[PDB]
Amino acid sequence: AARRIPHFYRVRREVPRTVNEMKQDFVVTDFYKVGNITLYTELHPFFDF
Amino acid sequence: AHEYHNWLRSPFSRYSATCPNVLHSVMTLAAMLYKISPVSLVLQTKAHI
Amino acid sequence: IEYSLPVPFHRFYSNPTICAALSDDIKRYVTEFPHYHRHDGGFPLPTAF
Amino acid sequence: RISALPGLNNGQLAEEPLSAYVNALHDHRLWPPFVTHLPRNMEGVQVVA
């Protein structure tokens with residue numbers, strides 16, 4: 001896997017954002033608003049879903 | 001001399017006239033360039049700017 | 001450069017700039033998708049990592 | 001760094017990056033007054049001599 005990095009980068013295609021990273025960028029008070037899609041996933045404070 | 005089809009209008013020069021020389025002036029000139037469009041407006045409002 | 005290989009792997013230490021400079025395929029990847037040129041993470045890792 | 005929104009600017013809605021929509025400095029329509037090298041991309045642009 002050490003030398004295969006260019007071989008992966010040969011594919012000219014993006015990747016969807018991970019659900020935790022998409023959840024991240026909402027502003028402090030904007031996170032609660034219904035426009036935030038990811039809210040249905042933020043179930044538990046000790047464990048991520 | 002045509003100026004309505006130009007990309008950067010006269011208020012930029014008018015601001016350059018009274019411009020102080022602190023680095024904040026370069027940065028505020030950069031922030032002056034923010035675009036007007038539905039995508040630009042939604043991106044700006046998501047940051048609460 | 002000719003005797004070197006880039007391996008962006010962690011959540012940190014994943015500059016698009018350095019790995020793009022080190023191998024041309026990453027440069028093609030970045031120039032195809034200019035938005036991915038971010039230092040804050042989210043620059044897509046190889047699928048293994 | 002100030003011009004873009006480094007926390008929000010990732011994504012696409014065309015061949016263009018999202019960062020070009022939010023601020024003109026990232027948009028490649030706005031050519032600087034003095035140029036020494038032609039850009040790598042001119043998709044929407046045409047120049048006249």
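Nothing in this text is a laboratory measurement; each read-out follows from the coordinates by a stated rule. Note that we place each Cβ from the backbone using ideal geometry, even for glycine, and neighbour counts take in every protein chain shown.
Numbers at a glance
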| read-out | value |
| --- | --- |
| Matching option when the condition is of a type outside the set (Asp, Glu) and either more than 20 Å from residue B:7 (Cβ to Cβ) or in contact with an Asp or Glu (Cβ under 7 Å, 6 or more places away or on another chain) (or both), among D:38, D:13, D:25 | D:13 |
| Positions within region A:1-30 being within 7 Å of chain C (Cβ to nearest Cβ) and in contact with a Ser or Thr (Cβ under 7 Å, 6 or more places away or on another chain), in sequence order | A:6, A:8 |
| Out of D:14, D:20, D:24, sole residue that is under 22 Å from residue B:28 (Cβ atoms), within 14 Å of chain C (Cβ to nearest Cβ) and among the small types (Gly, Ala, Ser) | D:20 |
| Any hit, region A:4-12, residues being closer than 19 Å to residue D:12 by Cα, part of a loop (DSSP other than H, G, I, E, B) and not hydrophobic (A, V, I, L, M, F, W, C) | yes |
| Residues that are over 19 Å from residue D:4 (Cβ atoms), within 11 Å of another protein chain (Cβ to nearest Cβ) and assigned to a loop (DSSP other than H, G, I, E, B), drawn from region C:1-42 | C:5, C:6, C:7, C:8, C:9, C:11, C:23 |
| Scope region A:1-20; condition within 20 Å of the chain's Cα centre (by Cα), exposed (fewer than 12 other Cβ atoms within 10 Å of the Cβ) and charged (D, E, K, R); matching residues | A:13 |
| Of all residues in region B:25-37 being within 9 Å of chain D (Cβ to nearest Cβ) and not basic (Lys, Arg), the one that is nearest to the chain's Cα centre (by Cα) | B:33 |
| Elements of type helices (runs of 4 or more DSSP H) in region B:4-49, at least 3 residues being touching a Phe, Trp or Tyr at 6+ places or on another chain (Cβ under 8 Å) and within 29 Å of residue A:28 (Cα to Cα) | B:38-46 |
| Residues being surrounded by 17 or more Cβ atoms within 10 Å (Cβ to Cβ) and either part of a loop (DSSP other than H, G, I, E, B) or of a type in the set (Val, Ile, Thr) (or both) - total across region D:1-24 | 9 |
| Check on residue D:29, facing another protein chain (nearest Cβ under 8 Å), farther than 20 Å from residue A:16 by Cα and loosely packed, with under 10 Cβ neighbours inside 10 Å | no |
